[PDB]
Amino acid sequence: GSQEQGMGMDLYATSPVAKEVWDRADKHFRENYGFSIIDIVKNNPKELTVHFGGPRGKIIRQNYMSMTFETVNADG
Amino acid sequence: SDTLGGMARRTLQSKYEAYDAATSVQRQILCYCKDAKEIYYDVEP
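Protein sequence lines correspond, in order, to chains H and B.
Count the first sequence with the deposited numbering and you get residues 1698 to 1773, in order.
Count the second sequence with the deposited numbering and you get residues 50 to 94, in order.
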């Protein structure tokens, strides 16, 4: 609820510590889910799309595919 | 934002009015954003 655009980005620039945190995070997200949370935070997109391109791209949609979700029937 | 801050301030008014005044408890509510410098112990001479 308190998420404001560009939050804690000022601190990003001024702290070599906080910097590396966001980095390791982004590094992850980009290479695994194919987007950057830093971008999403800096400039808030009303829309954003990922792309399952070459070698490194096929491995991403793999994760999107390997997303499991549980709901049982009314008969068990 | 200071969401939990004005939340913990409000629990100090509705319940803790007498407890703090009696016990002599000093209370200091600091949000990251607003109360920035008092966290990092940065003051000028």
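All C-beta atoms, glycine included, are put in the ideal place defined by N, C-alpha and C.
Run of the alpha helix (DSSP H) containing residue i, from where it starts to where it stops
| i | result |
| --- | --- |
| residue 1721 of chain H | 1713-1730 |
| residue 93 of chain B | Neither: residue 93 of chain B is in no alpha helix (DSSP H) and is coded neither H nor E. |
| residue 65 of chain B | It is not in any alpha helix (DSSP H) - residue 65 of chain B carries neither H nor E in the DSSP assignment. |
| residue 1753 of chain H | 1752-1762 |
| residue 88 of chain B | 85-88 |
| residue 74 of chain B | Here residue 74 of chain B belongs to no alpha helix (DSSP H), and DSSP marks it neither H nor E. |
| residue 1747 of chain H | Note, residue 1747 of chain H: premise wrong, no alpha helix (DSSP H); not H, not E. |
| residue 1736 of chain H | 1734-1739 |
Exposed unless 16 or more other CB atoms sit within 10 angstroms - verdict on residue i
| i | result |
| --- | --- |
| residue 1698 of chain H | exposed |
| residue 88 of chain B | exposed |
| residue 1757 of chain H | buried |
| residue 55 of chain B | exposed |
| residue 1731 of chain H | buried |
Collapsed DSSP secondary structure at residue i in the structure displayed
| i | result |
| --- | --- |
| residue 1704 of chain H | coil |
| residue 1771 of chain H | coil |
| residue 1709 of chain H | helix |
| residue 55 of chain B | helix |
Cβ separation of residue i and residue j, assumed to be a contact under 8 angstroms, to the nearest whole Å
| i | j | result |
| --- | --- | --- |
| residue 1737 of chain H | residue 1722 of chain H | At roughly 11 angstroms, the Cβ-Cβ gap does not stay under 8 angstroms, so residue 1737 of chain H and residue 1722 of chain H are not in contact. |
| residue 1770 of chain H | residue 1729 of chain H | Actually they are not in contact, since the Cβ atoms of residue 1770 of chain H and residue 1729 of chain H sit about 32 angstroms apart, beyond 8 angstroms. |
| residue 69 of chain B | residue 61 of chain B | 7 angstroms |
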